[PDB]
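Residues per chain, in single letters:
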Amino acid sequence: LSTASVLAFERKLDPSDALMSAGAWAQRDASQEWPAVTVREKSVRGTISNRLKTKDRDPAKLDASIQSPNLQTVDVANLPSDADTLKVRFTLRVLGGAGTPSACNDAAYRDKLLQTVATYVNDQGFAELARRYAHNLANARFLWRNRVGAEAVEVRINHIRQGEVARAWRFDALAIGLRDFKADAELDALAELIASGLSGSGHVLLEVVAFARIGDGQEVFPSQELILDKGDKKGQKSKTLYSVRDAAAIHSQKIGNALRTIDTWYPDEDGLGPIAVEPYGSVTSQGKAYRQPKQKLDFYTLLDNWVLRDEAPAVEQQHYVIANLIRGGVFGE
Amino acid sequence: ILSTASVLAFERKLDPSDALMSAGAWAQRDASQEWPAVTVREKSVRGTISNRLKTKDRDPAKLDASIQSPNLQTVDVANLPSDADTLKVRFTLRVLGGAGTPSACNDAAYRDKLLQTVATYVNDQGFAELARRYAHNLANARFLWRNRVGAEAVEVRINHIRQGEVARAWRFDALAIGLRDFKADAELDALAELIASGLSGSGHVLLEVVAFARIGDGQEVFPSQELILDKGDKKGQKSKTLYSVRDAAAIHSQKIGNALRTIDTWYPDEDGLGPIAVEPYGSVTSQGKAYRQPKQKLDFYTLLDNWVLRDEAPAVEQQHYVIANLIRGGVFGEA
Amino acid sequence: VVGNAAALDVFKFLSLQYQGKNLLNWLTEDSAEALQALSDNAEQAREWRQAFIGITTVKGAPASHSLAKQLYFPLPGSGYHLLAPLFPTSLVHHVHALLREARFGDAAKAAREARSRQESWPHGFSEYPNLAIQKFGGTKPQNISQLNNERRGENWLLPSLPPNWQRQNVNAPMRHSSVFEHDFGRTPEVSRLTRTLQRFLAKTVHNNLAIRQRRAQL
DNA sequence: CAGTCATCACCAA
DNA sequence: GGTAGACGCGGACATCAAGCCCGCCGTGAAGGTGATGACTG
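The deposited coordinates derive from cryo-EM, with the record listing a resolution of 2.9 Å.

Here you go:
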């Protein structure tokens, strides 16, 4: 018995892209007609402020480049001077059926995987995963640099059945933290909805609205476009900010990253905050990888031990494996 | 062992907004909530050729005709109105805190050694030495670049806003405070400890800085000018274009931020000349001179890696410079 | 040489006799070039001369297949002939070697560097834009006949497209210059016609037996 | 004891 | 609900210096042919 050479898992917890608008507090419950924060291109006189190479360090050019200016063109978005509040709105579907692959080569391995996932589900649900996703919705983790030093953050979540709304939550996103998962009774009512979405019991569509009191005319931070394979002249643009039609925006995959920062079960520094759910636990912006292949805690060891050889891990690693299957990917050999 | 990180990044601290200009009468300063803005105006002008002459087309009839003929140009201009005499300049300022912690890195051990170095700085000397010089540049009106040269009275009103409404109000007189010396008193040091609490994460700091410069009736004010660059236009249609927001002349936020960090009086030429802006290879570019060269080993890229990697702490004067560059930000990496 | 895919290695040993000598036609017939350096007996020489004739001669029976095309053609006053077309391996090898010296090579790229040095005297290079590639076999093309020496399953297909299948959008709205200033037809494909009418107006009539029949259609 | 069905090495810039 | 008949000339359009660094670019499946080898009815 081997694992299949083709495995494809669809993503669950599928969010849209979020769009930005601006206004003032005490109008935030009449905030349906706020104008969008716009993308503005500007040009910058600056200074040569990089390290200087010593490999062709001619002092005729290198000692003289410091004294002369540096001209760059960037992009920037701000709040208006009339307004002091960022608004971010996106939607979220919770699908369910989170153990059945969409593409396979074996059938015995598929039945073994489905009965393994059913063994996981019919003694503990998705509740430990669902309340961790409900934590990351309840605080405003998805506001990445925008909440940093924000004075007050409010997160509103609406459950939507038709044109009318069915259930509404309100929060204080700064009371809820980024390193704890201590909750109350109000967040458990969101966790049970997400756990009824992940188990296929119901249809779940959510509208997440976050308000951040930042300041008059201060700078907001939309997502920056990866511009790849250019081959151009002297940096005609060096920062392009992502927008949709006349509205600054955040990519859907960055919000999707912020929702699945669930993993407090990694070996070395589990007391040092949750990271995202990756197969090799890698945080790239910090330049290291928790859950190496050498310490047998990555997904491609635990999955193969638990599905094939009937070597069930600890429950805290079972949550990691089921989180990797809610994520999705190409897990084939 | 222990080389530098190939990717480093530091988010800025002390982020200002765009300063919008408006105009009105002095002694109506405390009713100045509805003053109309200073608007940018387009004008056409008839100068002479007041410029130098090249001689690659030398002929006795070419250059004489080029001098004796007029010059026709089209520029922008901003003026106070024909009844107002005071320039109101208003922006906000956020102070964040968490100075030495980078936002992106590669080496984990270098990251931990950098945080150990910065944490060893912060406790035996707080942020107060940097915060009182920042509060000096908020106290005088250094952010008024040309608009205070020859001004009669300059008046700064810094509010601290911890709710919808102000909780704490200052009022300075920016001409009695100089531009050359860092001398303080009992009203400036309260602003200095507010900024020092903001830089060390001990609270929420948001300010609303309003400056009032009595200039005169109808005189020209000087909003920021921007680059219309990397086009290669025809005819040179606009030799000067003034920055504005929705129908209001303004100063770029980075020029205000430039003025707020003229702190550096430790560069090895002199200190009595005055401060310069903290930036690595400390260079004023409008004067064409780079103080603090990499030759005399005093720039940020030598002080930082001798202080972090090899434990060679610099002078206590230069540690304020290194921490001021960390409050600034930037992209640091492989040499 | 189409045949067994796991047997096309002895074909290299049988066809190396057209390399070096002129004795490729010495193995089957004219075995005087296969007796002195062959070093085999009469049974071995006869067996080699018999087995080497089965390449150029027939291998199997003449037939077709259900996955073949076999088109119909109407006759002038009769029924039909079935036309079963075949793949011209010889012709595609010739045009493929012909185009690999015309798109790249020595002269067709040294003339491009001569253009890159901006100093060129007249010498002809060739450029084939917007081709297409087709693969035969797949990851292993040796099951097909040879398709490996410098083909590698990459017959290069010349473009034969229509002219007007890459158009733009029509925007003649109620504009202050998109209504009145749009009285000329500012399109993107008239630059070649304007450049031709410009650069064909300086030549005299000293060679005027051909240039006086182009403006009649322009 | 003879057709037929899954596998098996054979090549290959 | 009135035609009527015309719209100017000349002349000129700025010069200077400068344009960033660092890391990285995913995996799985896409072969026909005889030749025994095992099955064999």
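Tallying secondary structure elements over chain C gives 5 helices and 4 strands in all. Mapped from its N terminus to its C terminus, chain C presents α and β elements in the order α-α-β-β-α-α-β-β-α. For chain C, whose C-alpha radius of gyration is 29 Å, the value lies well above the compact-globule estimate of 17 Å for 218 residues. With the principal axes as the frame, chain C shows a C-alpha extent of 95 × 55 × 40 Å.

The next point concerns the overall build of chain B. The helix and strand tally for chain B stands at 7 helices and 16 strands. Across its three principal directions, the C-alpha atoms of chain B cover 70 × 55 × 35 Å.

Turning our eyes to something else, we now look at the sheet that holds strand β5 (residues 69-78) of chain A. Strands belonging to one sheet form pairs held by backbone hydrogen bonds; the direction of such a pair is parallel or antiparallel. Residues and elements named next belong to chain A. Spatial strand order, β4-β5-β10: 3 strands in an open sheet with antiparallel pairing. Both edges of this open sheet fall to β4 (40-47) and β10 (219-220), since each of them pairs with a single strand only. Bridge count between β4 and β5: 8 bridges; the pairing is antiparallel. Its bridge partner lying in β5, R40 is registered against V76.

With that settled, the discussion passes to the packing of helix α3 (residues 127-138) of chain A against helix α4 (residues 185-198) of chain A. Residues and elements named next belong to chain A. One way to put it is that α3 packs onto α4 with a least axis distance of 8 Å and a crossing angle of 120°. Of the possible angle classes, the one that applies to α3 and α4 is oblique. Where α3 crosses over α4, the two elements pack in a sense that is right-handed. Judged by residue contacts, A130, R131, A134, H135, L137 and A138 of α3 engage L187, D188, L190, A191, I194 and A195 from α4.

In this structure, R131(A) and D188(A) form a salt bridge, with 3.9 Å as the shortest nitrogen-oxygen distance. Here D188(A) lies in helix α4 and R131(A) lies in helix α3, a separation of 57 residues in the sequence. With its nearest N and O atoms 2.7 Å apart, the salt bridge here joins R12(B) to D15(B). Taken together, the shared-partner salt bridges connect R28(A), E154(A) and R156(A) into one network.

All right, on to the interface of chain A and chain B then. Facing 39 residues of chain A, the contacting portion of chain B comprises 43 residues. Of all the secondary structure elements, the ones that give two or more residues to the side of chain A that touches chain B are β4 and β5 of chain A. No other element matches the 6 residues that β4(A) contributes to the side of chain A that touches chain B. Class assignment for the residues of the side of chain A that touches chain B results in 11 nonpolar, 16 polar and 12 charged.

The next subject is the pairing of strand β3 (residues 18-23) of chain A. Residue and element names in this part refer to chain A. Both β3 and strand β12 (residues 247-250) contribute to a ladder of 2 bridges, which runs antiparallel. Across the sheet, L19 pairs through a bridge with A249, a residue of β12. Strand direction decides the pairing type here: β3 and strand β6 (residues 85-94), joined by 5 bridges, are antiparallel. In the sheet register, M20 faces β6, and the bridge partner there is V88.

The next thing to look at is the pairing of strand β3 (residues 19-24) of chain B. All names here are of chain B. Where β3 lies against strand β11 (residues 248-251), 2 bridges are found, and the strand directions are antiparallel. The partner of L20 across the bridge, within β11, is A250. Sheet analysis places β3 next to strand β6 (residues 86-95), joined by 5 bridges and oriented antiparallel. Its bridge partner being in β6, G24 is matched across the sheet by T86.

Right, let's get into the side chain of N139(A). Residues and elements named next belong to chain A. Positionally, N139 belongs in the loop between α3 and β7 (152-160). In this structure the side chain of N139 is engaged in a polar contact, spanning 2.4 Å, whose partner is the backbone oxygen of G177. Those residues within four positions of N139 in sequence are excluded, and the remaining contacts are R147, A173, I176, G177 and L178.

Residues and elements named next belong to chain B. Partitioning chain B into domains gives domain 1 (1-11 + 99-126 + 263-335) and domain 2 (12-98 + 127-262). Each of domain 1 and domain 2 has a C-alpha centre, and these two points are 28 Å apart. Across the boundary between the two partners, domain 1 contributes 22 residues, which contact 19 residues of domain 2. Secondary structure elements with two or more residues in the side of domain 1 that touches domain 2: β12 (262-264), β13 (276-277) and α7 (316-328). In terms of residues, the side of domain 1 that touches domain 2 owes the most to one element, α7, which gives 5 residues. Its residues placed into classes, the side of domain 1 that touches domain 2 shows 12 nonpolar, 6 polar and 4 charged.

Right, let's talk about the packing of aromatic side chains for a bit. Here a ring pair, both rings aromatic, is described through the centre-centre distance and the interplanar angle of the planes. With centroids separated by 5.7 Å and ring planes inclined at 75°, the aromatic side chains of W34(A) and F211(A) adopt a geometry described as edge-to-face. One end of the pair, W34(A), is in the loop between β3 and β4; the other, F211(A), is in strand β9 (residues 204-213), and 177 residues separate them in sequence. When the centroid spacing of 4.8 Å and the interplanar angle of 45° are considered together, the rings of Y267(B) and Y291(B) count as tilted. Here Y291(B) lies in the loop between β15 (289-290) and α6 (300-308) and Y267(B) lies in the loop between β12 and β13, a separation of 24 residues in the sequence. Three or more aromatic residues link up through ring pairs in this structure, and these residues are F9(A), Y280(A), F299(A), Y300(A) and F331(A). The ring of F182(B) is capped by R133(B), whose NZ or CZ atom sits 4.0 Å from the centre of that ring. The ring of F222(B) carries the charged tip of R146(B) above its face, separated from the ring centre by 3.9 Å.

So, how was this worked out
Residues numbered from 1 in each chain as written, not as in the entry; some residues may be left out. Chains lettered and ligands numbered in written order. Part of a larger assembly, values for the part shown. Heavy atoms only, no water. Residues with missing side-chain atoms left out of burial classes, pairs and counts. Helix = DSSP H or I, 4+ residues; strand = E, 2+ residues; numbered from the N terminus. Rg over C-alpha atoms; globule rule 2.2 N^0.38 Å. Pairing = 2+ DSSP bridges. Axes fitted to C-alpha atoms, helices over the stretch in contact; angles between N-to-C directions. Parallel < 35°, antiparallel > 145°, perpendicular 65-115°, else oblique. Left-handed = near helix turned anticlockwise from the far one by under 90°. Contact = heavy atoms within 4.5 Å. Salt bridge = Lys/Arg side-chain N within 4 Å of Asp/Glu carboxyl O. Nonpolar A, V, L, I, M, F, W, Y, C, P; charged D, E, K, R; others polar. Polar contact = N/O pair within 3.5 Å; in protein donor to acceptor, adjacent residues only side chain to side chain. Domains from an automatic or database assignment. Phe/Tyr/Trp six-rings, centres within 6.5 Å; stacked < 30°, edge-to-face > 60°. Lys NZ or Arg CZ within 6 Å of the ring centre and 35° of its normal.

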